[PDB]
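K.L.:
Could you have a look at this structure, given as structure tokens, before my questions?
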Amino acid sequence: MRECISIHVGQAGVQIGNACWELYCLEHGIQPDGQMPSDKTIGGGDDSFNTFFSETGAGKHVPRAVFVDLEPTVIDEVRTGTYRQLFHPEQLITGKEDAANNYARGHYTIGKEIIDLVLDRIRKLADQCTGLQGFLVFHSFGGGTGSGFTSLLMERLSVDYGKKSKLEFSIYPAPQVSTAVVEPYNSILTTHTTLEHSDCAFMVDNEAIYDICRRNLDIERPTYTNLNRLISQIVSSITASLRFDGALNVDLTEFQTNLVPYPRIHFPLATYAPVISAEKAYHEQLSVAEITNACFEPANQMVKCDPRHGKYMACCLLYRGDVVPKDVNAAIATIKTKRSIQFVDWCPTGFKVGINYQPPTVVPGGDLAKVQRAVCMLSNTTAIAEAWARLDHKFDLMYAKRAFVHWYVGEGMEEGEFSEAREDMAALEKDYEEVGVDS
Amino acid sequence: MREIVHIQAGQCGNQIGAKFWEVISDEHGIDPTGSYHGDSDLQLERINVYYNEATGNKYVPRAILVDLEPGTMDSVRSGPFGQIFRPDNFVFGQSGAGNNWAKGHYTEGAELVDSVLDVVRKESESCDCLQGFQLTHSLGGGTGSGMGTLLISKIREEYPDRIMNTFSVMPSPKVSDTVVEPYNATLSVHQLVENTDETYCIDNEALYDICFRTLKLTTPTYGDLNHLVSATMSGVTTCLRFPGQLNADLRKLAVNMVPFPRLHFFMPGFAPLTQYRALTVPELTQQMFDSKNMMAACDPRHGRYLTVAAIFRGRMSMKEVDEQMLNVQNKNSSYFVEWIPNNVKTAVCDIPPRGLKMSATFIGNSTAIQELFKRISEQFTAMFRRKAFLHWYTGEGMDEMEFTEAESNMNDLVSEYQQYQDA
Amino acid sequence: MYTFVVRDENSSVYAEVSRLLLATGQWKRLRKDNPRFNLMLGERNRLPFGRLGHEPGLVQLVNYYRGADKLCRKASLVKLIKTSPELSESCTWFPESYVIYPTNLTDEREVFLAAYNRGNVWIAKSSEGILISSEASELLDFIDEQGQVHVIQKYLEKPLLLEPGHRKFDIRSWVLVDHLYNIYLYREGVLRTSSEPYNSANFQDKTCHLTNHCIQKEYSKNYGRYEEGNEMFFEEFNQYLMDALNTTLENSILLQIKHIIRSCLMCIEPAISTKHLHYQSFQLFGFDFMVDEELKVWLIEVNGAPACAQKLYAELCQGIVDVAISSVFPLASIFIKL
Amino acid sequence: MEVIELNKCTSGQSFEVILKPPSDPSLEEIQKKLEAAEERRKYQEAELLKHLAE
Ligand SMILES: Nc1nc2c(ncn2[C@@H]2O[C@H](COP(=O)(O)OP(=O)(O)OP(=O)(O)O)[C@@H](O)[C@H]2O)c(=O)[nH]1
Ligand SMILES: Nc1ncnc2c1ncn2[C@@H]1O[C@H](COP(=O)(O)OP(=O)(O)CP(=O)(O)O)[C@@H](O)[C@H]1O
Ligand SMILES: Nc1nc2c(ncn2[C@@H]2O[C@H](COP(=O)(O)OP(=O)(O)O)[C@@H](O)[C@H]2O)c(=O)[nH]1
Ligand SMILES: [Ca+2]
Ligand SMILES: [Mg+2]
Ligand SMILES: [Mg+2]
Ligand SMILES: [Mg+2]
């Protein structure tokens, strides 16, 4: 058994983290007070769920997690929330005033003052681990803390834990739910600084989640609560292999091995199906073929883009529920003859498949109906570069006029960092183009 | 708890500031005694931003009242909510400033300023985490304009890393007290360009026009004008006073609204302009963008929006709000600068203002605001070219060169707006 | 009130479309960089498809299908037909073609020589720059002094010749594919004819062999003797077929043309369809056909950014507005649906 | 289309199907960057206080 430590940074990271651990407890039969009657070994153990949960002598199952935010209001909700007994005060870190949607404020000004505190709290979790394998880091691109402090934290983690893998779950900015005009600045700055310190990053575009909630859950105006419970289901599908008995993606290093052939190109596209409204009284359960077919539809992707006009480097299928290998292969065979699936020449055209018999767990009173089977596809496709192109274009529009730049320089950041960050993104787009397109 | 410290200076400053506290005390369920008698807990969740808690669960405005003469502040203390202010926070002299920026800034104000800063320091020390300051004042008089900007400079010296915000009332010949108002306003704008992060430009010309043309008030009084201002102030501070995601604090608002340091002068708007018929969301949205609902007497169509913040209050479809806000942008995209993507942000608060089912408040950083400054500059030059009325200022030790510098800087500001209007 | 942007100033077709939109009073033209558009008249090269469909509150439409270039590039068209099982290696309406890369640089240089040894007049062309030879020796020596890729297909030695004049021709058909992937064939096509007699013994001359309007008004006189600007329309051509061959244009030719159009576009549909996509697209295509002595129709190429005949500009562009644009953005048939 | 590495347990199964074969900054350096930014903030604030002193 090898432990994983989750780190939740800023409002988005914390609120998503709260939704994930809520779901984790429901999936593992852990009560809000920490007790888990299924676990017969009291005070310890090396089961698969122990990768995410430690144990006390009283029988409390405690999340291997740290929550960090530069203002206290969001984390204070965790301290008094339903699962307040789950976490102990040392795990929840709050500052006084936030980064004001300013990367430089989060990275340099406030980051410098709190980075040592956060690392020592992480050390305390790491000291409990017999064989720590790495970290899962949750944060937004657009927030000052999410962008700025995360990139600093990721740098220091590479220093203090050189052999440890680091995975990201990153919230990509969408103006429909965005809170800052400068989020493109923050996104490019944090991607530039974090790029060499992250082994595998799962980007989630708020635009995609927003539209899935409207389209499939019939929610007229999705809130963060609606968005986070859906994101939580996808995150759960991705991390399920670490928390349950299995033979695929059983360790963090395997994510890189299976999904990331080239280091810089470490942003897999996630696609999830099915998403069905709980308010829908009459519903017909979808088959293996149908939910697998839905994995190649842009409307179900965590980032809107067109994989038909890109190339695949790797593809992983993660099933939950009533699924057998026979039906998966029959589904894939049909899809290959009816859809455009181009792999790069230096990679085998194939799928790694994982099946967990336990169907998806849904929060009671949530928006998601319980289904007999679901699937999350993780595919490393060059089509996700469309998201970088969009972001870089918005960056270019503002930076050409140096709009808002003085806020960053005022926090001690050099104007050159804008250029260096943008040049790095230009190279990243070029890398995708070289791998993906022809002539 | 991120506290704001409120300061009101001079006649205009204290009269509009008093009305502001009356309005938001009512919104937060605070009676004119400090006692809370509301029904919703949304009223108290962010009450500490503007109020301190005293003995017996009393709420006291974090407000400092300043003037160089006792008259207006005597009237405030005799007012309806007059007893709610902290007695020690009344700081006043006896001499007056005679509508003279120099008296407020250099002589009479200089004698009083340290005692104001003592009170400012006392309030700041009580704060768990001070955001910054908001000042209400006029630019056309002596105390609010001269001593008000003196105060801003001194505060910035002691609290250089805090946000400075002002509600600044711009003078107009239509509603004028003295001929030297353009002098006092030009000297003040110079100060504001350098030492504030956010300034709401409240034009008395616009206020008068709204009362007369739209509200059909035959003979508008300052009281009628202040009704519009207190309503505007309530609306633009809604995001600060209630739970929300967008512009929830002074610094996040500034980062969203101010792309260039000197261009931080906002045109505020409000709808509906105040019978029993509630306004639909399309009506709120259309009216809040209408020039007739603007408080700066500038035509938005004569310029472009760099950034816009819109706040909707009341029970309404958040979906319909989004659609209408997108509708405005998509059908008038020429008036929004292209080089700042998604530059219009919208917030919705469930608590509506008193007497209204639904309300909308508009905050725009528009290049059309240059019309306001050009108006002042012309009135300034008309007198200054003949050195008219200058002896009032040179008598207080000021030199003509200081007037030339203020004029040049405001003309520079106008030029900078024009640059980004064409960009 | 709908809005649109223009990013291809050199398009005669969509310049006229731009006119009609403005003439309705319900369309406004924005700056080319303004992201808040409903309709994009895109550029021919490197159209930013990735930036489309991400503007909240806006239904966005573009006048190009992403991926359609596979039909509209000569090297790509050959590869598409031979690779796609829907079109198969044994395609009857497409001339035997081979993709040949220059040696100075998936190549079929060897395969071409095999069939050649087995009339052997072939034609060399790329995406003026055409060599028509009956000897494969000088065909291959032509592509190594250019640089880019080329294709070698059988030069149809027995074309249908119009009389009087004994002259070669080609048929241009305009095809509009809307956002629902309905295939619309414009009822009016054009005959780009040669004004010189066809000589099967003079391939040195590149005039009576190339029916290009570029090489009929230039480097070629007479011109406009038989028909105005070497362009014959379907009314006259159909009358000619009835008088000379006792058949109709619909029966002898158009039936095959419609079949070929359908086959090509249905083949790439799953690759380019915007049915469940966050932005919608349509596109106008120019299909070029060749007819032999036995009234068999051959596909020559497909043009992704075609111009139109001067006479037919008004009707077609209006048809584009009604079918492709107004269908998505309604205001306050000249096409044959395939 | 062949299936390889089929592993089975009580909680589920995993396998691989192939359709076609193929054809850091030092700790000291971090602190230097942070201290450099701090000194720039200090210089900017020093210039402000100088300006206000004038
Ligand atoms: N999906 C999702 N997105 C969120 C959530 N909270 C914030 N965001 C997004 O994250 C961006 C704002 O960043 P935040 O995470 O709120 O900022 P922060 O990291 O707390 O940093 P500062 O507040 O600036 O110190 C915007 O794009 C929001 O749409 C959430 O709970 N769920
Ligand atoms: N296999 C073949 N047999 C007979 N003639 C042929 C041929 N291939 C090409 N041609 C002739 O060559 C001419 C030009 O061919 P091609 O289509 O390659 O040029 P082009 O692409 O410039 C025409 P456009 O671009 O205007 O549609 C055609 O008019 C046709 O008559
Ligand atoms: N809107 C409004 N404007 C005022 C009020 N009182 C004064 N003014 C304006 O403020 C300017 C006079 O400044 P005032 O505040 O009286 O001088 P001070 O006491 O020296 O600051 C003139 O432009 C007046 O039109 C008021 O109550 N409301
Ligand atoms: Ca145990
Ligand atoms: Mg935050
Ligand atoms: Mg007065
Ligand atoms: Mg061509």
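Labeling convention for the structure tokens: chains A, B, ... as they appear, residues from 1 per chain, ligands from 1 in order of appearance.
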Residues of chain B that approach chain A to 10 Å or less, counting only C-alpha atoms: could you list each one with the shortest pair of atoms and its distance in Å to one decimal, rows by chain and increasing residue number, as CSV?
P.N.:
residue,atom,partner,partner_atom,distance
B:1,CA,A:96,CA,8.7
B:2,CA,A:97,CA,7.9
B:128,CA,A:96,CA,8.6
B:129,CA,A:96,CA,6.7
B:130,CA,A:97,CA,9.1
B:131,CA,A:97,CA,8.5
B:245,CA,A:179,CA,6.8
B:246,CA,A:179,CA,5.3
B:247,CA,A:179,CA,7.7
B:248,CA,A:100,CA,9.8
B:249,CA,A:100,CA,8.4
B:250,CA,A:100,CA,9.1
B:251,CA,A:100,CA,6.1
B:252,CA,A:100,CA,4.8
B:253,CA,A:100,CA,8.6
B:254,CA,A:100,CA,9.1
B:255,CA,A:407,CA,7.1
B:256,CA,A:181,CA,5.7
B:257,CA,A:181,CA,8.5
B:258,CA,A:404,CA,6.8
B:259,CA,A:404,CA,4.1
B:260,CA,A:404,CA,6.1
B:261,CA,A:406,CA,7.2
B:306,CA,A:403,CA,9.8
B:307,CA,A:181,CA,8.8
B:317,CA,A:221,CA,8.7
B:318,CA,A:221,CA,6.6
B:319,CA,A:221,CA,5.7
B:320,CA,A:221,CA,9.5
B:322,CA,A:176,CA,8.5
B:338,CA,A:397,CA,7.7
B:339,CA,A:397,CA,4.7
B:340,CA,A:398,CA,5.5
B:341,CA,A:394,CA,6.4
B:342,CA,A:175,CA,6.5
B:343,CA,A:181,CA,6.1
B:344,CA,A:181,CA,8.4
B:345,CA,A:179,CA,7.4
B:346,CA,A:179,CA,9.0
B:347,CA,A:179,CA,9.5
B:420,CA,A:401,CA,9.0
B:423,CA,A:401,CA,8.7
K.L.:
Could you build a table of the residues in chain D lying no more than 8 Å from chain A, giving for each the nearest pair of atoms and their separation in Å rounded to one decimal place, using only C-alpha atoms, ordered by chain and ascending residue number, as JSON lines?
P.N.:
{"residue": "D:7", "atom": "CA", "partner": "A:247", "partner_atom": "CA", "distance": 6.5}
{"residue": "D:8", "atom": "CA", "partner": "A:246", "partner_atom": "CA", "distance": 7.9}
{"residue": "D:9", "atom": "CA", "partner": "A:246", "partner_atom": "CA", "distance": 7.0}
{"residue": "D:11", "atom": "CA", "partner": "A:357", "partner_atom": "CA", "distance": 5.7}
{"residue": "D:12", "atom": "CA", "partner": "A:356", "partner_atom": "CA", "distance": 4.5}
{"residue": "D:13", "atom": "CA", "partner": "A:355", "partner_atom": "CA", "distance": 5.0}
{"residue": "D:14", "atom": "CA", "partner": "A:354", "partner_atom": "CA", "distance": 4.3}
{"residue": "D:15", "atom": "CA", "partner": "A:353", "partner_atom": "CA", "distance": 5.4}
{"residue": "D:16", "atom": "CA", "partner": "A:352", "partner_atom": "CA", "distance": 4.5}
{"residue": "D:17", "atom": "CA", "partner": "A:351", "partner_atom": "CA", "distance": 5.5}
{"residue": "D:18", "atom": "CA", "partner": "A:350", "partner_atom": "CA", "distance": 4.2}
{"residue": "D:19", "atom": "CA", "partner": "A:350", "partner_atom": "CA", "distance": 5.3}
{"residue": "D:20", "atom": "CA", "partner": "A:349", "partner_atom": "CA", "distance": 4.9}
{"residue": "D:21", "atom": "CA", "partner": "A:348", "partner_atom": "CA", "distance": 4.7}
{"residue": "D:22", "atom": "CA", "partner": "A:348", "partner_atom": "CA", "distance": 4.3}
{"residue": "D:23", "atom": "CA", "partner": "A:345", "partner_atom": "CA", "distance": 5.1}
{"residue": "D:24", "atom": "CA", "partner": "A:158", "partner_atom": "CA", "distance": 7.5}
{"residue": "D:25", "atom": "CA", "partner": "A:155", "partner_atom": "CA", "distance": 7.4}
{"residue": "D:26", "atom": "CA", "partner": "A:159", "partner_atom": "CA", "distance": 6.8}
{"residue": "D:27", "atom": "CA", "partner": "A:159", "partner_atom": "CA", "distance": 6.4}
{"residue": "D:30", "atom": "CA", "partner": "A:156", "partner_atom": "CA", "distance": 7.9}
{"residue": "D:34", "atom": "CA", "partner": "A:108", "partner_atom": "CA", "distance": 5.7}
{"residue": "D:36", "atom": "CA", "partner": "A:412", "partner_atom": "CA", "distance": 7.8}
{"residue": "D:37", "atom": "CA", "partner": "A:412", "partner_atom": "CA", "distance": 4.3}
{"residue": "D:38", "atom": "CA", "partner": "A:412", "partner_atom": "CA", "distance": 6.1}
{"residue": "D:39", "atom": "CA", "partner": "A:412", "partner_atom": "CA", "distance": 7.6}
{"residue": "D:40", "atom": "CA", "partner": "A:412", "partner_atom": "CA", "distance": 5.1}
{"residue": "D:41", "atom": "CA", "partner": "A:412", "partner_atom": "CA", "distance": 4.9}
{"residue": "D:44", "atom": "CA", "partner": "A:410", "partner_atom": "CA", "distance": 7.7}
K.L.:
Save the residues we just selected, C-alpha atoms, as a PDB file, in the first residue's frame?
P.N.:
ATOM      1  CA  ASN D   7      -6.522  -9.393 -14.586  1.00  0.00           C
ATOM      2  CA  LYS D   8      -9.550 -10.322 -12.483  1.00  0.00           C
ATOM      3  CA  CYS D   9     -10.532  -9.647  -8.867  1.00  0.00           C
ATOM      4  CA  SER D  11     -14.096  -5.819  -7.322  1.00  0.00           C
ATOM      5  CA  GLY D  12     -13.621  -5.919 -11.094  1.00  0.00           C
ATOM      6  CA  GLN D  13     -11.435  -6.544 -14.146  1.00  0.00           C
ATOM      7  CA  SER D  14      -8.839  -4.787 -16.286  1.00  0.00           C
ATOM      8  CA  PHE D  15      -7.244  -5.530 -19.658  1.00  0.00           C
ATOM      9  CA  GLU D  16      -5.746  -4.049 -22.816  1.00  0.00           C
ATOM     10  CA  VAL D  17      -7.128  -4.339 -26.343  1.00  0.00           C
ATOM     11  CA  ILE D  18      -4.912  -3.488 -29.314  1.00  0.00           C
ATOM     12  CA  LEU D  19      -6.497  -2.707 -32.684  1.00  0.00           C
ATOM     13  CA  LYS D  20      -3.283  -1.954 -34.574  1.00  0.00           C
ATOM     14  CA  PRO D  21       0.472  -2.057 -33.808  1.00  0.00           C
ATOM     15  CA  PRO D  22       2.590   1.123 -34.151  1.00  0.00           C
ATOM     16  CA  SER D  23       4.280   2.141 -37.411  1.00  0.00           C
ATOM     17  CA  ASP D  24      14.426  21.861 -11.450  1.00  0.00           C
ATOM     18  CA  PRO D  25      15.006  25.167  -9.598  1.00  0.00           C
ATOM     19  CA  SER D  26      16.983  24.807  -6.363  1.00  0.00           C
ATOM     20  CA  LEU D  27      15.562  25.671  -2.941  1.00  0.00           C
ATOM     21  CA  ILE D  30      13.310  29.744  -5.272  1.00  0.00           C
ATOM     22  CA  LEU D  34      10.890  35.496  -3.906  1.00  0.00           C
ATOM     23  CA  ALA D  36      14.006  39.707  -5.448  1.00  0.00           C
ATOM     24  CA  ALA D  37      10.281  40.348  -5.880  1.00  0.00           C
ATOM     25  CA  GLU D  38      10.039  41.530  -2.276  1.00  0.00           C
ATOM     26  CA  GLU D  39      12.887  43.996  -2.785  1.00  0.00           C
ATOM     27  CA  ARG D  40      11.158  45.377  -5.878  1.00  0.00           C
ATOM     28  CA  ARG D  41       7.985  45.923  -3.835  1.00  0.00           C
ATOM     29  CA  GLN D  44       8.425  50.875  -5.250  1.00  0.00           C
TER      30      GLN D  44
END
K.L.:
Set the cut-off to 6 Å, count only C-alpha atoms and all ligand atoms, and list whatever residues fall near ligand 4 as JSON, numbers by chain.
P.N.:
{"A": [39, 41, 42, 44, 45]}
K.L.:
Using only C-alpha atoms and all ligand atoms, what does the table of chain C residues within 9 Å of ligand 7 look like, with each row giving the shortest atom pair and its distance in Å to one decimal, sorted by chain and ascending number, as CSV?
P.N.:
residue,atom,partner,partner_atom_place_in_ligand_line,distance
C:72,CA,ligand 7,1 (Mg),7.7
C:73,CA,ligand 7,1 (Mg),7.8
C:74,CA,ligand 7,1 (Mg),7.8
C:126,CA,ligand 7,1 (Mg),8.4
C:127,CA,ligand 7,1 (Mg),6.3
C:301,CA,ligand 7,1 (Mg),6.9
C:302,CA,ligand 7,1 (Mg),7.2
C:303,CA,ligand 7,1 (Mg),5.7
C:304,CA,ligand 7,1 (Mg),8.4
C:305,CA,ligand 7,1 (Mg),9.0
C:306,CA,ligand 7,1 (Mg),8.7
K.L.:
Quick check, in Å to one decimal: how far apart do atom CA of residue 87 of chain A and atom CA of residue 65 of chain A lie?
P.N.:
8.5 Å
K.L.:
Set the distance at 8 Å and use only C-alpha atoms: which residues neighbour segment 269-282 of chain C once local chain neighbours fewer than 6 positions away are removed? I'd like the list as a PyMOL selection string.
P.N.:
(chain A and resi 297-299+304+308+338-340) or (chain C and resi 52-54+59-68+176-181+324)
K.L.:
With N, CA and C atoms retained, could you export that selection as a PDB file, in the first residue's frame?
P.N.:
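Result file result-v7.pdb:
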ATOM      1  N   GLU A 297     -18.173  11.943 -28.085  1.00  0.00           N
ATOM      2  CA  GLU A 297     -19.025  13.080 -28.400  1.00  0.00           C
ATOM      3  C   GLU A 297     -18.556  14.303 -27.619  1.00  0.00           C
ATOM      4  N   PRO A 298     -18.266  15.404 -28.332  1.00  0.00           N
ATOM      5  CA  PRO A 298     -17.736  16.631 -27.724  1.00  0.00           C
ATOM      6  C   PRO A 298     -18.606  17.156 -26.584  1.00  0.00           C
ATOM      7  N   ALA A 299     -19.917  16.960 -26.688  1.00  0.00           N
ATOM      8  CA  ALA A 299     -20.855  17.428 -25.672  1.00  0.00           C
ATOM      9  C   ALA A 299     -20.642  16.773 -24.302  1.00  0.00           C
ATOM     10  N   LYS A 304     -14.416  21.340 -24.286  1.00  0.00           N
ATOM     11  CA  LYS A 304     -14.954  21.331 -25.642  1.00  0.00           C
ATOM     12  C   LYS A 304     -13.843  21.500 -26.676  1.00  0.00           C
ATOM     13  N   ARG A 308     -11.562  14.588 -33.607  1.00  0.00           N
ATOM     14  CA  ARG A 308     -11.506  14.144 -34.998  1.00  0.00           C
ATOM     15  C   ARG A 308     -10.403  14.872 -35.755  1.00  0.00           C
ATOM     16  N   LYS A 338     -17.160   3.455 -37.260  1.00  0.00           N
ATOM     17  CA  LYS A 338     -18.142   4.515 -37.458  1.00  0.00           C
ATOM     18  C   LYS A 338     -17.643   5.886 -37.009  1.00  0.00           C
ATOM     19  N   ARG A 339     -16.423   5.947 -36.485  1.00  0.00           N
ATOM     20  CA  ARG A 339     -15.878   7.212 -35.997  1.00  0.00           C
ATOM     21  C   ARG A 339     -14.417   7.428 -36.385  1.00  0.00           C
ATOM     22  N   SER A 340     -13.983   8.683 -36.314  1.00  0.00           N
ATOM     23  CA  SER A 340     -12.627   9.066 -36.689  1.00  0.00           C
ATOM     24  C   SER A 340     -11.680   9.011 -35.495  1.00  0.00           C
TER      25      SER A 340
ATOM     26  N   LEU C  52     -14.068  29.057 -32.195  1.00  0.00           N
ATOM     27  CA  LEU C  52     -15.489  29.170 -32.507  1.00  0.00           C
ATOM     28  C   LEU C  52     -16.351  28.398 -31.513  1.00  0.00           C
ATOM     29  N   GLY C  53     -17.529  28.936 -31.213  1.00  0.00           N
ATOM     30  CA  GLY C  53     -18.491  28.252 -30.367  1.00  0.00           C
ATOM     31  C   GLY C  53     -18.213  28.351 -28.878  1.00  0.00           C
ATOM     32  N   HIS C  54     -17.455  29.367 -28.478  1.00  0.00           N
ATOM     33  CA  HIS C  54     -17.124  29.563 -27.069  1.00  0.00           C
ATOM     34  C   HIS C  54     -17.574  30.932 -26.580  1.00  0.00           C
ATOM     35  N   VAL C  59     -25.162  31.952 -31.029  1.00  0.00           N
ATOM     36  CA  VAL C  59     -25.119  30.852 -31.978  1.00  0.00           C
ATOM     37  C   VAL C  59     -24.144  31.230 -33.087  1.00  0.00           C
ATOM     38  N   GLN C  60     -23.073  30.460 -33.241  1.00  0.00           N
ATOM     39  CA  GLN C  60     -22.036  30.822 -34.202  1.00  0.00           C
ATOM     40  C   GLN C  60     -21.974  29.865 -35.388  1.00  0.00           C
ATOM     41  N   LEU C  61     -21.868  30.449 -36.577  1.00  0.00           N
ATOM     42  CA  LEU C  61     -21.856  29.709 -37.834  1.00  0.00           C
ATOM     43  C   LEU C  61     -20.669  30.158 -38.683  1.00  0.00           C
ATOM     44  N   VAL C  62     -20.034  29.223 -39.385  1.00  0.00           N
ATOM     45  CA  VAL C  62     -18.886  29.557 -40.227  1.00  0.00           C
ATOM     46  C   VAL C  62     -19.049  28.951 -41.625  1.00  0.00           C
ATOM     47  N   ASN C  63     -18.528  29.639 -42.640  1.00  0.00           N
ATOM     48  CA  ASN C  63     -18.718  29.228 -44.029  1.00  0.00           C
ATOM     49  C   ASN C  63     -17.661  28.250 -44.539  1.00  0.00           C
ATOM     50  N   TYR C  64     -17.108  27.446 -43.637  1.00  0.00           N
ATOM     51  CA  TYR C  64     -16.198  26.374 -44.025  1.00  0.00           C
ATOM     52  C   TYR C  64     -16.323  25.169 -43.104  1.00  0.00           C
ATOM     53  N   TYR C  65     -16.284  23.978 -43.696  1.00  0.00           N
ATOM     54  CA  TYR C  65     -16.209  22.739 -42.936  1.00  0.00           C
ATOM     55  C   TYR C  65     -14.759  22.407 -42.613  1.00  0.00           C
ATOM     56  N   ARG C  66     -14.439  22.336 -41.326  1.00  0.00           N
ATOM     57  CA  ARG C  66     -13.117  21.904 -40.896  1.00  0.00           C
ATOM     58  C   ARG C  66     -12.891  20.460 -41.340  1.00  0.00           C
ATOM     59  N   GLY C  67     -11.802  20.223 -42.064  1.00  0.00           N
ATOM     60  CA  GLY C  67     -11.484  18.889 -42.546  1.00  0.00           C
ATOM     61  C   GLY C  67     -11.868  18.643 -43.994  1.00  0.00           C
ATOM     62  N   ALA C  68     -12.595  19.585 -44.588  1.00  0.00           N
ATOM     63  CA  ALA C  68     -13.068  19.429 -45.960  1.00  0.00           C
ATOM     64  C   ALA C  68     -11.926  19.498 -46.970  1.00  0.00           C
ATOM     65  N   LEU C 176     -23.841  23.306 -52.301  1.00  0.00           N
ATOM     66  CA  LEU C 176     -23.910  23.908 -50.977  1.00  0.00           C
ATOM     67  C   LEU C 176     -24.315  22.874 -49.934  1.00  0.00           C
ATOM     68  N   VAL C 177     -23.479  22.714 -48.916  1.00  0.00           N
ATOM     69  CA  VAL C 177     -23.777  21.810 -47.812  1.00  0.00           C
ATOM     70  C   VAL C 177     -24.048  22.630 -46.557  1.00  0.00           C
ATOM     71  N   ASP C 178     -25.267  22.542 -46.026  1.00  0.00           N
ATOM     72  CA  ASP C 178     -25.645  23.362 -44.875  1.00  0.00           C
ATOM     73  C   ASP C 178     -25.237  22.713 -43.552  1.00  0.00           C
ATOM     74  N   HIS C 179     -25.687  23.302 -42.446  1.00  0.00           N
ATOM     75  CA  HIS C 179     -25.288  22.864 -41.107  1.00  0.00           C
ATOM     76  C   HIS C 179     -25.910  21.527 -40.708  1.00  0.00           C
ATOM     77  N   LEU C 180     -26.986  21.144 -41.387  1.00  0.00           N
ATOM     78  CA  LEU C 180     -27.647  19.868 -41.131  1.00  0.00           C
ATOM     79  C   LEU C 180     -27.081  18.790 -42.052  1.00  0.00           C
ATOM     80  N   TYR C 181     -26.062  19.178 -42.813  1.00  0.00           N
ATOM     81  CA  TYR C 181     -25.432  18.339 -43.827  1.00  0.00           C
ATOM     82  C   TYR C 181     -26.424  17.880 -44.893  1.00  0.00           C
ATOM     83  N   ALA C 324     -28.287  28.463 -46.403  1.00  0.00           N
ATOM     84  CA  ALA C 324     -27.211  28.245 -45.437  1.00  0.00           C
ATOM     85  C   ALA C 324     -27.255  29.175 -44.225  1.00  0.00           C
TER      86      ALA C 324
END
K.L.:
Find the spatial neighbours of residue 125 of chain A, counting only C-alpha atoms, within a cut-off of 10 Å - ignore same-chain residues fewer than 4 positions away - and output them as a ChimeraX atom specification.
P.N.:
/A:3-5,54,63-66,90-91,119-121,129,132
K.L.:
Skipping near chain neighbours, those fewer than 6 positions away, what residues fall within 10 Å of residue 133 of chain B using only C-alpha atoms, listed as a ChimeraX atom specification?
P.N.:
/B:3-7,120,124,152,155-156,159,162-166,196,250
K.L.:
Taking only C-alpha atoms and all ligand atoms into account, which residues are within 8 Å of ligand 2, as a PyMOL selection string?
P.N.:
chain C and resi 74+95+122-123+125-128+130+153-157+159+168-170+172+192+209-213+286-288+290+300-303+306
